[PDB]
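In the block that follows, a single chain appears as structure tokens, in the form deposited without this ligand.
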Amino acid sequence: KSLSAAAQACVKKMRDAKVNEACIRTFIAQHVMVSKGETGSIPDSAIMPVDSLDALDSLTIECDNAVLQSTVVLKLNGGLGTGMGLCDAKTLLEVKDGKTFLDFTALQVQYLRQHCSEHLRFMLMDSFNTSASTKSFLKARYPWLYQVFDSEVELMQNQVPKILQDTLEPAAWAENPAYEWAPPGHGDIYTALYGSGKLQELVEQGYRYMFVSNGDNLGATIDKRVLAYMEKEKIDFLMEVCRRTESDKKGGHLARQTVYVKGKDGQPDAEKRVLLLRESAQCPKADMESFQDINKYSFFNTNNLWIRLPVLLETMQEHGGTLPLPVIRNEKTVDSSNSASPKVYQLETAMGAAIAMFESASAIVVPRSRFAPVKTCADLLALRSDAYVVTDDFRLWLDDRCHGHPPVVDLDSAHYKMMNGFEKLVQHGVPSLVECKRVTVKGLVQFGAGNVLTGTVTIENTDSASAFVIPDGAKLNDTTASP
């Protein structure tokens, strides 16, 4: 292949940096995609909605544990807490009982390791920012995971060069060369597995399934009914979806498309229906109302994914050691802060877009309890309160006094969008949200201890003079509290 100057520049750059070869291949294919003039637009005229899907709620048969012997739990760990004000890994935040997201996942994985299947395997998707503290945590708390952290557990996220918007050459930023590179999105997960040979290794040792999910999603646990469904229906790529509410109309959605498939020798077939998803970066302007129709496109991707590993390897070998996924062009600058830095593209992919890559792929509607991503301080307030409980298999559930509705946490942005300011609010105790519909807090406040919140409450410190510490031993049902 003959490639352009900018592509050869990207190649030499990535080679000089010892970027592994699968990442170079995938990236260069994307690069040719950008240069050719691919818009990356998924218009309504080329998609159909999904009328109905099977509901996990309506599944009963659990697989044998021998299936669980051929299963890998992969947990997305690359995220920092940068939303909630932390340059630390988000999975190392306390969520309950002094245990963190990683605590809960490892206790689940070893509970299944000791009660169901010894050979259940565990893996983390690490970035460079999360690797060190993760390794330290597992070294301190879970020695058996630290023993194999390098060889078996940690698979590393690769990074791709930002390319300049005008010439598509690799951007250059002398004042900090680090800004010349970015992560390729979660959809990177397949180029790493392949590119490290780790997918080949798992498949060789006889592993069949992998359950991918985000590390901050505490409700994304192993469900044996899902595995069973995958055996019964012979599925290769299952995506868990949730019913889209009007709070989710901003975010993406799942959809249906048709694709002419030809059988090359002898010529017998026609069009096939395959599942895809689109985000707003793939939706044109003129169609943004069709995008935000809750009832037209009813389902969104939870990022809980089940993949059949050898089929993944097979289709990755059909496409030259690569899984080519729809390209999202991120318009940025090299220094994301410096508005006068060279404008650039950050090419990303979503790991759910791989659903279109498989001949037998389906989606399964699941309860929203399996999509509870902690992204706001309000979240881990709801999770730290007794509203949730830990079962003996170390999963978190809602308590039954909630009746399926978790409490609504309406924290003020001024004082509680950061962690270091969130500590103060709950430094004394965490109030009892077991039978609370809504907690609103608009001013500087901190709770006492043994506080019980019932029904709908709203706490105000309008004056803002000083922390309105709430009286200890309090019990507020339907009650407002000002000074």
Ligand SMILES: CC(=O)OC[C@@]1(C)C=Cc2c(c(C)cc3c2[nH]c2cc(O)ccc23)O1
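Heads up: residue numbers just count along the shown sequence, starting at 1.
One more form of this protein exists, namely the form deposited with this ligand bound; it is left out here, but the text below deals with it.
Using a 4.5 angstroms limit between non-hydrogen atoms, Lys198 is distant from this ligand in the deposited complex. Within this chain, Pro367 lines the site of this ligand in the deposited complex, having a heavy atom no more than 4.5 Å away. Interface membership of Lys262, defined by any non-hydrogen atom within 4.5 Å of this ligand in the deposited complex, is ruled out. Taking the partner from elsewhere, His119 is found to have every heavy atom lying beyond 4.5 Å of this ligand in the deposited complex.
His405 is the sole member of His115, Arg273, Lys234, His405 with a non-hydrogen atom within 4.5 Å of this ligand in the deposited complex. Checked against this ligand in the deposited complex, the candidates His319, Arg243, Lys139, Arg384 yield a single residue with a heavy atom inside 4.5 Å, and that residue is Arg243.
The stretch from 354-362, 367-375, 170-178, 222-230 that comes within 4.5 Å of this ligand in the deposited complex, counting heavy atoms only, is 367-375.
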